[PDB]
file coords_26.cif (mmCIF, C-alpha atoms and all ligand atoms)
data_upload
#
loop_
_atom_site.group_PDB
_atom_site.id
_atom_site.type_symbol
_atom_site.label_atom_id
_atom_site.label_comp_id
_atom_site.auth_asym_id
_atom_site.auth_seq_id
_atom_site.Cartn_x
_atom_site.Cartn_y
_atom_site.Cartn_z
ATOM 1 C CA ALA I 1 -23.215 -12.634 -9.004
ATOM 2 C CA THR I 2 -22.463 -9.114 -10.231
ATOM 3 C CA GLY I 3 -23.155 -6.433 -7.575
ATOM 4 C CA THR I 4 -22.991 -2.713 -8.265
ATOM 5 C CA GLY I 5 -22.686 0.275 -5.925
ATOM 6 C CA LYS I 6 -21.020 3.658 -5.231
ATOM 7 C CA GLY I 7 -17.527 3.947 -3.608
ATOM 8 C CA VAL I 8 -16.586 6.433 -0.886
ATOM 9 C CA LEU I 9 -16.085 9.145 -3.637
ATOM 10 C CA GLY I 10 -19.545 8.580 -5.147
ATOM 11 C CA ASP I 11 -18.347 6.591 -8.265
ATOM 12 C CA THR I 12 -20.473 3.635 -9.396
ATOM 13 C CA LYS I 13 -18.503 0.355 -9.910
ATOM 14 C CA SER I 14 -19.165 -3.372 -10.122
ATOM 15 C CA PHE I 15 -17.658 -6.309 -8.344
ATOM 16 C CA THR I 16 -18.414 -9.990 -7.655
ATOM 17 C CA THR I 17 -20.796 -11.044 -4.870
ATOM 18 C CA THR I 18 -22.488 -14.358 -3.847
ATOM 19 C CA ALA I 19 -26.183 -15.112 -3.834
ATOM 20 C CA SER I 20 -27.017 -16.867 -0.614
ATOM 21 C CA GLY I 21 -30.660 -17.628 0.136
ATOM 22 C CA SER I 22 -32.734 -14.501 -0.021
ATOM 23 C CA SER I 23 -29.900 -12.003 -0.433
ATOM 24 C CA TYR I 24 -26.274 -11.380 -1.641
ATOM 25 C CA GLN I 25 -23.167 -11.463 0.414
ATOM 26 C CA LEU I 26 -20.185 -9.219 -0.228
ATOM 27 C CA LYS I 27 -18.094 -12.242 -1.084
ATOM 28 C CA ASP I 28 -16.161 -13.053 -4.266
ATOM 29 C CA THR I 29 -15.230 -16.747 -4.518
ATOM 30 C CA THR I 30 -13.508 -16.387 -7.882
ATOM 31 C CA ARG I 31 -10.206 -14.861 -6.712
ATOM 32 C CA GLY I 32 -7.984 -17.324 -4.816
ATOM 33 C CA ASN I 33 -9.649 -18.527 -1.654
ATOM 34 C CA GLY I 34 -11.992 -15.550 -1.768
ATOM 35 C CA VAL I 35 -12.388 -11.847 -1.305
ATOM 36 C CA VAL I 36 -14.741 -11.359 1.584
ATOM 37 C CA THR I 37 -15.837 -8.052 3.134
ATOM 38 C CA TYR I 38 -17.421 -7.494 6.517
ATOM 39 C CA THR I 39 -18.978 -4.755 8.612
ATOM 40 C CA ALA I 40 -17.806 -4.188 12.201
ATOM 41 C CA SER I 41 -21.093 -2.205 12.759
ATOM 42 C CA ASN I 42 -19.145 0.628 14.364
ATOM 43 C CA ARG I 43 -17.790 -1.621 17.078
ATOM 44 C CA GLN I 44 -14.312 -3.114 17.311
ATOM 45 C CA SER I 45 -14.994 -6.870 16.974
ATOM 46 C CA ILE I 46 -13.403 -8.306 13.860
ATOM 47 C CA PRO I 47 -14.036 -9.607 11.317
ATOM 48 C CA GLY I 48 -17.669 -8.700 12.243
ATOM 49 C CA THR I 49 -20.426 -9.872 9.906
ATOM 50 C CA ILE I 50 -20.258 -10.456 6.178
ATOM 51 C CA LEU I 51 -21.927 -7.461 4.454
ATOM 52 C CA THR I 52 -25.319 -8.399 2.835
ATOM 53 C CA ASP I 53 -27.748 -6.688 0.461
ATOM 54 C CA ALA I 54 -31.189 -7.783 -0.812
ATOM 55 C CA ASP I 55 -31.025 -6.765 -4.545
ATOM 56 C CA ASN I 56 -27.219 -6.633 -5.231
ATOM 57 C CA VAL I 57 -27.243 -2.879 -5.622
ATOM 58 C CA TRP I 58 -25.105 -1.890 -2.628
ATOM 59 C CA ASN I 59 -25.425 1.074 -0.406
ATOM 60 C CA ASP I 60 -22.174 0.969 1.632
ATOM 61 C CA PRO I 61 -19.549 3.112 0.070
ATOM 62 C CA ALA I 62 -16.778 1.971 2.446
ATOM 63 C CA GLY I 63 -17.555 -1.710 1.886
ATOM 64 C CA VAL I 64 -17.934 -1.256 -1.852
ATOM 65 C CA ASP I 65 -14.481 0.240 -2.040
ATOM 66 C CA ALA I 66 -12.896 -2.181 0.516
ATOM 67 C CA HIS I 67 -14.212 -5.120 -1.590
ATOM 68 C CA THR I 68 -13.567 -3.717 -5.012
ATOM 69 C CA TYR I 69 -10.030 -2.510 -4.275
ATOM 70 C CA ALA I 70 -9.104 -5.787 -2.581
ATOM 71 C CA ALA I 71 -10.242 -7.619 -5.759
ATOM 72 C CA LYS I 72 -8.339 -5.175 -7.924
ATOM 73 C CA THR I 73 -5.214 -5.542 -5.750
ATOM 74 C CA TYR I 74 -5.521 -9.334 -6.129
ATOM 75 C CA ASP I 75 -5.692 -8.881 -9.926
ATOM 76 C CA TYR I 76 -2.746 -6.425 -9.846
ATOM 77 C CA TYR I 77 -0.412 -8.758 -7.944
ATOM 78 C CA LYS I 78 -1.272 -11.724 -10.123
ATOM 79 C CA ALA I 79 -1.047 -9.750 -13.399
ATOM 80 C CA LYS I 80 2.043 -7.734 -12.591
ATOM 81 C CA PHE I 81 4.078 -10.114 -10.404
ATOM 82 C CA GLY I 82 2.629 -13.585 -10.957
ATOM 83 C CA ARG I 83 1.641 -13.643 -7.291
ATOM 84 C CA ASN I 84 -1.515 -15.369 -6.096
ATOM 85 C CA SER I 85 -2.754 -13.372 -3.092
ATOM 86 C CA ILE I 86 -0.754 -12.382 0.016
ATOM 87 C CA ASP I 87 0.932 -15.802 0.611
ATOM 88 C CA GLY I 88 1.334 -16.671 -3.095
ATOM 89 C CA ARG I 89 -1.073 -19.519 -2.533
ATOM 90 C CA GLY I 90 -4.434 -17.820 -2.684
ATOM 91 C CA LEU I 91 -4.934 -16.671 0.883
ATOM 92 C CA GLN I 92 -8.500 -15.459 1.502
ATOM 93 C CA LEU I 93 -8.602 -11.594 1.499
ATOM 94 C CA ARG I 94 -10.756 -10.393 4.420
ATOM 95 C CA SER I 95 -11.644 -6.812 4.974
ATOM 96 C CA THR I 96 -13.619 -5.133 7.674
ATOM 97 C CA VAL I 97 -15.131 -1.678 7.314
ATOM 98 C CA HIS I 98 -17.029 0.546 9.845
ATOM 99 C CA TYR I 99 -14.462 -0.461 12.434
ATOM 100 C CA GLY I 100 -15.060 1.631 15.615
ATOM 101 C CA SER I 101 -16.747 5.034 15.723
ATOM 102 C CA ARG I 102 -15.173 8.043 13.892
ATOM 103 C CA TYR I 103 -11.950 5.962 13.906
ATOM 104 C CA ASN I 104 -8.992 7.693 12.249
ATOM 105 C CA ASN I 105 -6.925 4.847 10.908
ATOM 106 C CA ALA I 106 -6.776 1.554 8.989
ATOM 107 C CA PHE I 107 -4.396 -1.395 9.487
ATOM 108 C CA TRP I 108 -3.205 -4.861 8.597
ATOM 109 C CA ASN I 109 -3.239 -7.080 11.735
ATOM 110 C CA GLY I 110 -1.452 -10.277 10.434
ATOM 111 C CA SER I 111 -4.763 -11.670 9.105
ATOM 112 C CA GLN I 112 -7.034 -9.069 7.491
ATOM 113 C CA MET I 113 -7.431 -5.395 6.457
ATOM 114 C CA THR I 114 -9.508 -3.234 8.838
ATOM 115 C CA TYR I 115 -10.698 0.265 8.027
ATOM 116 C CA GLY I 116 -12.026 3.032 10.195
ATOM 117 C CA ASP I 117 -14.641 5.516 8.913
ATOM 118 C CA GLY I 118 -12.472 8.565 9.812
ATOM 119 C CA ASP I 119 -13.934 11.479 11.729
ATOM 120 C CA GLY I 120 -15.342 13.181 8.608
ATOM 121 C CA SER I 121 -13.017 16.139 9.178
ATOM 122 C CA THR I 122 -9.382 14.994 8.797
ATOM 123 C CA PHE I 123 -10.252 11.644 7.259
ATOM 124 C CA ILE I 124 -13.079 9.974 5.424
ATOM 125 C CA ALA I 125 -13.524 6.211 5.128
ATOM 126 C CA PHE I 126 -10.056 4.760 4.605
ATOM 127 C CA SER I 127 -10.905 2.129 2.006
ATOM 128 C CA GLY I 128 -11.849 5.069 -0.309
ATOM 129 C CA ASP I 129 -8.225 5.324 -1.615
ATOM 130 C CA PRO I 130 -7.081 2.370 -3.555
ATOM 131 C CA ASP I 131 -3.525 3.277 -2.520
ATOM 132 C CA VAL I 132 -4.500 2.799 1.175
ATOM 133 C CA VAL I 133 -6.022 -0.554 0.431
ATOM 134 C CA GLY I 134 -2.892 -1.475 -1.587
ATOM 135 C CA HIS I 135 -0.758 -0.216 1.284
ATOM 136 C CA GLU I 136 -2.436 -2.350 3.962
ATOM 137 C CA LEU I 137 -2.568 -5.519 1.852
ATOM 138 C CA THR I 138 1.101 -5.149 0.948
ATOM 139 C CA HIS I 139 1.865 -5.378 4.709
ATOM 140 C CA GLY I 140 0.659 -8.957 4.415
ATOM 141 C CA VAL I 141 2.812 -9.553 1.341
ATOM 142 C CA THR I 142 5.830 -8.351 3.329
ATOM 143 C CA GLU I 143 4.951 -10.666 6.212
ATOM 144 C CA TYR I 144 5.061 -13.615 3.808
ATOM 145 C CA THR I 145 8.292 -12.647 1.984
ATOM 146 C CA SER I 146 11.016 -10.482 3.627
ATOM 147 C CA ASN I 147 9.099 -10.375 6.901
ATOM 148 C CA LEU I 148 10.664 -6.950 7.668
ATOM 149 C CA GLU I 149 10.489 -6.112 11.403
ATOM 150 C CA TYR I 150 8.423 -3.117 12.374
ATOM 151 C CA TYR I 151 11.117 -0.947 14.059
ATOM 152 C CA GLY I 152 13.806 1.466 13.021
ATOM 153 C CA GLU I 153 15.039 1.208 9.415
ATOM 154 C CA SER I 154 13.488 -2.278 8.898
ATOM 155 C CA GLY I 155 10.099 -0.893 9.918
ATOM 156 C CA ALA I 156 10.585 2.189 7.610
ATOM 157 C CA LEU I 157 11.312 -0.183 4.748
ATOM 158 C CA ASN I 158 8.162 -2.103 5.578
ATOM 159 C CA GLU I 159 6.175 1.157 5.349
ATOM 160 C CA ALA I 160 7.930 2.330 2.156
ATOM 161 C CA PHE I 161 7.234 -0.904 0.285
ATOM 162 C CA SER I 162 3.531 -0.607 1.231
ATOM 163 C CA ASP I 163 3.495 3.024 -0.137
ATOM 164 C CA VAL I 164 5.448 2.134 -3.329
ATOM 165 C CA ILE I 165 2.973 -0.688 -4.159
ATOM 166 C CA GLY I 166 -0.240 1.168 -3.011
ATOM 167 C CA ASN I 167 0.772 4.190 -5.050
ATOM 168 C CA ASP I 168 1.714 2.065 -8.113
ATOM 169 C CA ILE I 169 -1.662 0.283 -8.145
ATOM 170 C CA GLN I 170 -3.613 3.513 -8.664
ATOM 171 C CA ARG I 171 -0.987 5.583 -10.604
ATOM 172 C CA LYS I 172 -2.914 8.844 -10.244
ATOM 173 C CA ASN I 173 0.033 10.937 -8.865
ATOM 174 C CA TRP I 174 2.948 10.606 -6.374
ATOM 175 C CA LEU I 175 0.696 10.888 -3.325
ATOM 176 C CA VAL I 176 -0.487 8.496 -0.588
ATOM 177 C CA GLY I 177 -3.909 8.705 1.072
ATOM 178 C CA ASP I 178 -4.893 11.778 -0.989
ATOM 179 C CA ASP I 179 -8.396 10.403 -1.728
ATOM 180 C CA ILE I 180 -9.422 10.127 1.886
ATOM 181 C CA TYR I 181 -7.497 12.948 3.636
ATOM 182 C CA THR I 182 -9.032 16.369 4.492
ATOM 183 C CA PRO I 183 -12.028 16.328 2.224
ATOM 184 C CA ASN I 184 -12.220 20.169 2.527
ATOM 185 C CA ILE I 185 -8.699 20.726 0.904
ATOM 186 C CA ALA I 186 -7.703 19.790 -2.686
ATOM 187 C CA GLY I 187 -4.318 18.376 -3.593
ATOM 188 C CA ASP I 188 -2.797 17.548 -0.143
ATOM 189 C CA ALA I 189 -2.182 14.016 1.142
ATOM 190 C CA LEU I 190 -0.994 11.910 4.009
ATOM 191 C CA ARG I 191 2.449 11.536 2.330
ATOM 192 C CA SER I 192 4.157 12.655 -0.769
ATOM 193 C CA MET I 193 6.610 10.388 -2.492
ATOM 194 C CA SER I 194 7.966 13.097 -4.875
ATOM 195 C CA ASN I 195 8.400 15.701 -2.020
ATOM 196 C CA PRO I 196 8.269 13.947 1.364
ATOM 197 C CA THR I 197 9.112 17.061 3.437
ATOM 198 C CA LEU I 198 5.757 18.612 2.472
ATOM 199 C CA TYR I 199 4.245 16.334 5.170
ATOM 200 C CA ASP I 200 7.147 16.365 7.652
ATOM 201 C CA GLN I 201 8.918 13.232 6.416
ATOM 202 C CA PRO I 202 12.644 13.368 5.725
ATOM 203 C CA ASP I 203 13.757 12.918 2.010
ATOM 204 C CA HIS I 204 17.460 12.324 2.722
ATOM 205 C CA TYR I 205 19.309 10.076 5.112
ATOM 206 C CA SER I 206 21.098 12.977 6.764
ATOM 207 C CA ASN I 207 17.635 13.882 8.336
ATOM 208 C CA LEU I 208 16.798 10.367 9.519
ATOM 209 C CA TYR I 209 14.454 10.422 12.515
ATOM 210 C CA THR I 210 16.270 8.714 15.438
ATOM 211 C CA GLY I 211 13.725 9.133 18.262
ATOM 212 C CA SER I 212 11.744 6.288 19.777
ATOM 213 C CA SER I 213 8.130 7.347 18.908
ATOM 214 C CA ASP I 214 6.166 5.445 16.304
ATOM 215 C CA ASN I 215 8.469 2.346 16.666
ATOM 216 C CA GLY I 216 11.456 4.463 15.944
ATOM 217 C CA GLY I 217 9.937 6.600 13.208
ATOM 218 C CA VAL I 218 8.612 3.980 10.759
ATOM 219 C CA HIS I 219 5.964 6.308 9.203
ATOM 220 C CA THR I 220 8.477 9.138 9.167
ATOM 221 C CA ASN I 221 11.654 7.563 7.761
ATOM 222 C CA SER I 222 9.805 5.801 4.921
ATOM 223 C CA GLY I 223 9.948 9.243 3.224
ATOM 224 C CA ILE I 224 13.644 8.568 2.387
ATOM 225 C CA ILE I 225 12.958 5.296 0.609
ATOM 226 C CA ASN I 226 9.829 6.697 -1.125
ATOM 227 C CA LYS I 227 12.062 9.496 -2.431
ATOM 228 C CA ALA I 228 14.614 6.956 -3.768
ATOM 229 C CA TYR I 229 11.843 5.074 -5.576
ATOM 230 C CA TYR I 230 10.470 8.363 -7.028
ATOM 231 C CA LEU I 231 14.014 9.307 -8.298
ATOM 232 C CA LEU I 232 14.493 5.854 -9.828
ATOM 233 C CA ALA I 233 11.125 6.005 -11.621
ATOM 234 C CA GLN I 234 10.799 9.654 -12.548
ATOM 235 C CA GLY I 235 14.490 10.796 -12.481
ATOM 236 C CA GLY I 236 15.768 14.099 -11.087
ATOM 237 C CA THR I 237 18.754 15.908 -9.686
ATOM 238 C CA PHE I 238 18.789 15.833 -5.860
ATOM 239 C CA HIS I 239 21.651 16.590 -3.472
ATOM 240 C CA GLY I 240 23.843 17.098 -6.449
ATOM 241 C CA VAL I 241 23.190 13.561 -7.840
ATOM 242 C CA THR I 242 21.445 13.144 -11.231
ATOM 243 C CA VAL I 243 19.361 9.961 -11.562
ATOM 244 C CA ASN I 244 18.166 9.123 -15.094
ATOM 245 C CA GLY I 245 14.490 7.883 -14.566
ATOM 246 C CA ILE I 246 13.649 4.434 -15.766
ATOM 247 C CA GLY I 247 9.774 4.723 -15.489
ATOM 248 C CA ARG I 248 7.348 3.211 -12.967
ATOM 249 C CA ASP I 249 7.071 -0.139 -14.828
ATOM 250 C CA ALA I 250 10.697 -1.058 -14.443
ATOM 251 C CA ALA I 251 11.135 0.663 -11.027
ATOM 252 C CA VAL I 252 8.194 -1.347 -9.462
ATOM 253 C CA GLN I 253 9.577 -4.662 -10.892
ATOM 254 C CA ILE I 254 12.968 -3.861 -9.390
ATOM 255 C CA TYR I 255 11.456 -2.924 -5.939
ATOM 256 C CA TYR I 256 9.118 -5.948 -5.956
ATOM 257 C CA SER I 257 12.029 -8.388 -6.490
ATOM 258 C CA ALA I 258 14.255 -6.465 -4.088
ATOM 259 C CA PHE I 259 11.759 -6.452 -1.193
ATOM 260 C CA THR I 260 10.397 -9.983 -1.677
ATOM 261 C CA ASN I 261 13.535 -11.943 -2.860
ATOM 262 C CA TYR I 262 16.436 -10.133 -1.222
ATOM 263 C CA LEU I 263 15.514 -8.328 1.946
ATOM 264 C CA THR I 264 15.100 -10.151 5.288
ATOM 265 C CA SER I 265 13.559 -9.288 8.644
ATOM 266 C CA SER I 266 16.511 -7.218 9.939
ATOM 267 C CA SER I 267 17.380 -5.388 6.699
ATOM 268 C CA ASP I 268 18.281 -1.703 6.935
ATOM 269 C CA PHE I 269 18.512 1.041 4.273
ATOM 270 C CA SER I 270 21.994 -0.011 3.217
ATOM 271 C CA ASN I 271 20.751 -3.579 2.638
ATOM 272 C CA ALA I 272 17.843 -2.118 0.631
ATOM 273 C CA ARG I 273 20.260 -0.214 -1.616
ATOM 274 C CA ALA I 274 22.118 -3.522 -2.257
ATOM 275 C CA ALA I 275 18.871 -5.379 -2.941
ATOM 276 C CA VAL I 276 17.546 -2.792 -5.320
ATOM 277 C CA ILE I 277 20.948 -2.713 -7.224
ATOM 278 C CA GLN I 278 20.858 -6.557 -7.369
ATOM 279 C CA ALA I 279 17.254 -6.743 -8.716
ATOM 280 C CA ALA I 280 18.104 -4.099 -11.351
ATOM 281 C CA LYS I 281 21.163 -6.243 -12.342
ATOM 282 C CA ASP I 282 19.031 -9.428 -12.461
ATOM 283 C CA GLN I 283 16.467 -7.764 -14.696
ATOM 284 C CA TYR I 284 18.506 -5.385 -16.959
ATOM 285 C CA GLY I 285 22.194 -6.476 -16.685
ATOM 286 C CA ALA I 286 25.103 -5.660 -14.390
ATOM 287 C CA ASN I 287 26.240 -2.451 -16.207
ATOM 288 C CA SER I 288 22.788 -1.414 -17.633
ATOM 289 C CA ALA I 289 21.175 2.100 -17.424
ATOM 290 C CA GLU I 290 18.725 0.568 -14.926
ATOM 291 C CA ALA I 291 21.420 -0.823 -12.586
ATOM 292 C CA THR I 292 23.236 2.543 -12.776
ATOM 293 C CA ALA I 293 19.981 4.460 -11.974
ATOM 294 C CA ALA I 294 19.319 2.116 -8.960
ATOM 295 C CA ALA I 295 22.699 2.956 -7.473
ATOM 296 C CA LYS I 296 22.364 6.723 -8.151
ATOM 297 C CA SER I 297 18.858 6.895 -6.604
ATOM 298 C CA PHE I 298 20.421 5.702 -3.326
ATOM 299 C CA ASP I 299 23.494 8.012 -3.670
ATOM 300 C CA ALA I 300 20.945 10.855 -4.060
ATOM 301 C CA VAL I 301 19.083 10.150 -0.817
ATOM 302 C CA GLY I 302 22.431 9.670 1.090
ATOM 303 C CA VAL I 303 22.168 5.882 1.635
ATOM 304 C CA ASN I 304 25.539 4.380 0.877
HETATM 305 CA CA CA I 401 -29.701 -2.828 -2.272
HETATM 306 CA CA CA I 402 -4.481 7.904 -3.904
HETATM 307 CA CA CA I 403 -7.572 16.670 0.990
HETATM 308 ZN ZN ZN I 404 1.655 0.859 6.890
#
call {"tool": "encode", "arguments": {"input": "coords_26.cif", "output": "structure tokens"}}
result
Amino acid sequence: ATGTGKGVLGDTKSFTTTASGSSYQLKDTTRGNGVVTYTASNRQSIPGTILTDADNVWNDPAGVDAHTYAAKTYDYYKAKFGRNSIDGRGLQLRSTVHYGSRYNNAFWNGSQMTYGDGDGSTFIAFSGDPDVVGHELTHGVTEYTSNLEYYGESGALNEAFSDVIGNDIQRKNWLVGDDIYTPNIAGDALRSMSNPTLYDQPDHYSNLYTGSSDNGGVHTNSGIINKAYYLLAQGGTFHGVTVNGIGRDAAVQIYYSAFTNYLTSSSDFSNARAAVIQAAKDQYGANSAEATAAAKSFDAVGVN
């Protein structure tokens, strides 16, 4: 069936649902093994209950966006990368919204995407930014490919790949989480990929966070890798190094191959530089403008 409804930002969209007895479930059986979206009813049991609606016009902005953006992310991976869901074999995509009460985060737990509502002040419902949905689902992609550990540089790479892909899905700007952060302030964000230090992330390896909090800085140090991706795609001169931009299309192919074919669970930033150079060589040639840009983007952020 074709359901309709407003997302967290008030925009009407359509998506696929399933008629089941007297009502419709928020369940799309046409993408892999399914896209299925649940409510946790403001408690913390997951997955919770499949969301239902009597007339297929939905009034659950968070669930509309969780469901729609998971279907769009499914379409994006298959269309862009030839990948069928998280495992490449059609894994069912399960999302739960209204997790907890005023809960200020969202996460991938090894099985499904779970989204808090936010407290209404700092955050609104987290599925409202397709780059956050993209971000969380890409944590499952990483689990099934490089399986990058979630500590230190490995864990920062894990984070950075989730931001590169989430951001690339929407393509609105160089920001992450901007649609759901601080609804009373325009143009800020959880992270910036073009200017990471705006939100207290380092943009160069010489300012790597080396403390133990946050699993050794995994949401901090991703700023360095996000900056390298930005320089590869957009180009720039940074720390004296000029990177000729190769555009998002080519950059995201290079990073996708790098992070799914070449990195492994213990990889650090140096290995990521090697993997990104290799993917650029695979795709454009050993001495191509693209392979040269890949190497310069890492020179620029001080990863040798
Ligand atoms: Ca209705
Ligand atoms: Ca966004
Ligand atoms: Ca804001
Ligand atoms: Zn993450």
call {"tool": "residues_near_ligand", "arguments": {"input": "coords_26.cif", "ligand": "ligand CA 402 (chain I)", "cutoff": "7 Å", "atoms": "all atoms listed in the file", "output": "list in words"}}
result
residues 129, 130, 131, 167, 170, 172, 175, 176, 177, 178 and 179 of chain I
call {"tool": "atom_distance", "arguments": {"input": "coords_26.cif", "atom1": "CA of residue 254 (chain I)", "atom2": "CA of residue 151 (chain I)"}}
result
23.7 Å
call {"tool": "residues_around", "arguments": {"input": "coords_26.cif", "residues": "region 227-229 of chain I", "least_positions_apart": "3", "cutoff": "9 Å", "atoms": "all atoms listed in the file", "output": "list in words"}}
result
residues 164, 192, 193, 194, 195, 196, 203, 204, 222, 223, 224, 232, 233, 234, 248, 251, 252, 255, 294, 296, 297, 298, 299, 300 and 301 of chain I
call {"tool": "residues_near_ligand", "arguments": {"input": "coords_26.cif", "ligand": "ligand CA 403 (chain I)", "cutoff": "8 Å", "atoms": "all atoms listed in the file", "output": "PyMOL selection string"}}
result
chain I and resi 178-189
call {"tool": "resolve_selection", "arguments": {"input": "coords_26.cif", "expression": "the PyMOL selection byres (((not hetatm)) within 9 of (chain I and resi 404))", "output": "list in words"}}
result
residues 106, 107, 108, 132, 135, 136, 138, 139, 158, 159, 160, 161, 162, 163, 218 and 219 of chain I
call {"tool": "residues_near_ligand", "arguments": {"input": "coords_26.cif", "ligand": "ligand CA 401 (chain I)", "cutoff": "6 Å", "atoms": "only C-alpha atoms and all ligand atoms", "output": "list in words"}}
result
residues 53, 54, 55, 56, 57 and 58 of chain I
call {"tool": "closest_residue", "arguments": {"input": "coords_26.cif", "among": "I:258, I:157, I:51, I:263", "to": "residue 283 (chain I)", "atoms": "only C-alpha atoms"}}
result
I:258
call {"tool": "resolve_selection", "arguments": {"input": "coords_26.cif", "expression": "the PyMOL selection byres (((chain I and resi 28-43) around 8) and not hetatm)", "output": "PyMOL selection string"}}
result
chain I and resi 16-18+26-27+44-51+63+66-67+70-71+74+84-85+89-101
call {"tool": "residues_around", "arguments": {"input": "coords_26.cif", "residues": "region 205-213 of chain I", "least_positions_apart": "3", "cutoff": "6 Å", "atoms": "only C-alpha atoms", "output": "short mmCIF file (atom, residue, chain, number, x, y, z; two decimals) with C-alpha atoms, in the frame of the given file"}}
result
data_model
loop_
_atom_site.label_atom_id
_atom_site.label_comp_id
_atom_site.auth_asym_id
_atom_site.auth_seq_id
_atom_site.Cartn_x
_atom_site.Cartn_y
_atom_site.Cartn_z
CA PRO I 202 12.64 13.37 5.72
CA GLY I 216 11.46 4.46 15.94
CA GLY I 217 9.94 6.60 13.21
CA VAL I 301 19.08 10.15 -0.82
CA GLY I 302 22.43 9.67 1.09
#
call {"tool": "resolve_selection", "arguments": {"input": "coords_26.cif", "expression": "the PyMOL selection byres (((chain I and resi 153) around 8) and not hetatm)", "output": "number ranges by chain"}}
result
I: 151-152, 154-157, 218, 221, 267-269
call {"tool": "closest_residue", "arguments": {"input": "coords_26.cif", "among": "I:191, I:236, I:148, I:280", "to": "residue 264 (chain I)", "atoms": "all atoms listed in the file"}}
result
I:148
call {"tool": "atom_distance", "arguments": {"input": "coords_26.cif", "atom1": "CA of residue 285 (chain I)", "atom2": "CA of residue 241 (chain I)"}}
result
21.9 Å
call {"tool": "residues_near_point", "arguments": {"input": "coords_26.cif", "point": "(-14.5, 1.0, 0.9)", "cutoff": "8 Å", "atoms": "all atoms listed in the file", "output": "list in words"}}
result
residues 7, 8, 60, 61, 62, 63, 64, 65, 66, 67, 68, 69, 97, 125, 126, 127 and 128 of chain I
call {"tool": "build_atoms", "arguments": {"input": "coords_26.cif", "residues": "region 277-288 of chain I", "atoms": "N, CA, C and O atoms", "output": "PDB file, in the coordinates of the input"}}
result
ATOM      1  N   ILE I 277      19.905  -2.576  -6.213  1.00  0.00           N
ATOM      2  CA  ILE I 277      20.948  -2.713  -7.224  1.00  0.00           C
ATOM      3  C   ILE I 277      20.929  -4.133  -7.791  1.00  0.00           C
ATOM      4  O   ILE I 277      20.991  -4.291  -9.017  1.00  0.00           O
ATOM      5  N   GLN I 278      20.891  -5.136  -6.903  1.00  0.00           N
ATOM      6  CA  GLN I 278      20.858  -6.557  -7.369  1.00  0.00           C
ATOM      7  C   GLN I 278      19.669  -6.868  -8.291  1.00  0.00           C
ATOM      8  O   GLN I 278      19.844  -7.494  -9.352  1.00  0.00           O
ATOM      9  N   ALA I 279      18.461  -6.482  -7.892  1.00  0.00           N
ATOM     10  CA  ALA I 279      17.254  -6.743  -8.716  1.00  0.00           C
ATOM     11  C   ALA I 279      17.398  -6.044 -10.088  1.00  0.00           C
ATOM     12  O   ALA I 279      17.018  -6.591 -11.128  1.00  0.00           O
ATOM     13  N   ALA I 280      17.881  -4.803 -10.084  1.00  0.00           N
ATOM     14  CA  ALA I 280      18.104  -4.099 -11.351  1.00  0.00           C
ATOM     15  C   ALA I 280      19.134  -4.886 -12.223  1.00  0.00           C
ATOM     16  O   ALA I 280      18.880  -5.089 -13.415  1.00  0.00           O
ATOM     17  N   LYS I 281      20.244  -5.364 -11.613  1.00  0.00           N
ATOM     18  CA  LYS I 281      21.163  -6.243 -12.342  1.00  0.00           C
ATOM     19  C   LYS I 281      20.535  -7.533 -12.881  1.00  0.00           C
ATOM     20  O   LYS I 281      20.767  -7.897 -14.072  1.00  0.00           O
ATOM     21  N   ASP I 282      19.713  -8.203 -12.051  1.00  0.00           N
ATOM     22  CA  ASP I 282      19.031  -9.428 -12.461  1.00  0.00           C
ATOM     23  C   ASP I 282      18.252  -9.145 -13.736  1.00  0.00           C
ATOM     24  O   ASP I 282      18.307  -9.936 -14.686  1.00  0.00           O
ATOM     25  N   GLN I 283      17.515  -8.025 -13.730  1.00  0.00           N
ATOM     26  CA  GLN I 283      16.467  -7.764 -14.696  1.00  0.00           C
ATOM     27  C   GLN I 283      16.963  -7.031 -15.944  1.00  0.00           C
ATOM     28  O   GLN I 283      16.316  -7.161 -16.998  1.00  0.00           O
ATOM     29  N   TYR I 284      18.030  -6.217 -15.819  1.00  0.00           N
ATOM     30  CA  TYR I 284      18.506  -5.385 -16.959  1.00  0.00           C
ATOM     31  C   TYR I 284      20.007  -5.592 -17.357  1.00  0.00           C
ATOM     32  O   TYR I 284      20.457  -5.190 -18.445  1.00  0.00           O
ATOM     33  N   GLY I 285      20.766  -6.221 -16.474  1.00  0.00           N
ATOM     34  CA  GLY I 285      22.194  -6.476 -16.685  1.00  0.00           C
ATOM     35  C   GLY I 285      23.041  -5.674 -15.726  1.00  0.00           C
ATOM     36  O   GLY I 285      22.647  -4.585 -15.295  1.00  0.00           O
ATOM     37  N   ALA I 286      24.227  -6.204 -15.427  1.00  0.00           N
ATOM     38  CA  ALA I 286      25.103  -5.660 -14.390  1.00  0.00           C
ATOM     39  C   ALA I 286      25.524  -4.212 -14.596  1.00  0.00           C
ATOM     40  O   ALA I 286      25.592  -3.449 -13.607  1.00  0.00           O
ATOM     41  N   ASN I 287      25.762  -3.821 -15.853  1.00  0.00           N
ATOM     42  CA  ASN I 287      26.240  -2.451 -16.207  1.00  0.00           C
ATOM     43  C   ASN I 287      25.181  -1.597 -16.989  1.00  0.00           C
ATOM     44  O   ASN I 287      25.498  -0.618 -17.713  1.00  0.00           O
ATOM     45  N   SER I 288      23.930  -2.024 -16.900  1.00  0.00           N
ATOM     46  CA  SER I 288      22.788  -1.414 -17.633  1.00  0.00           C
ATOM     47  C   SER I 288      22.408  -0.028 -17.102  1.00  0.00           C
ATOM     48  O   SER I 288      22.799   0.311 -15.999  1.00  0.00           O
TER      49      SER I 288
END
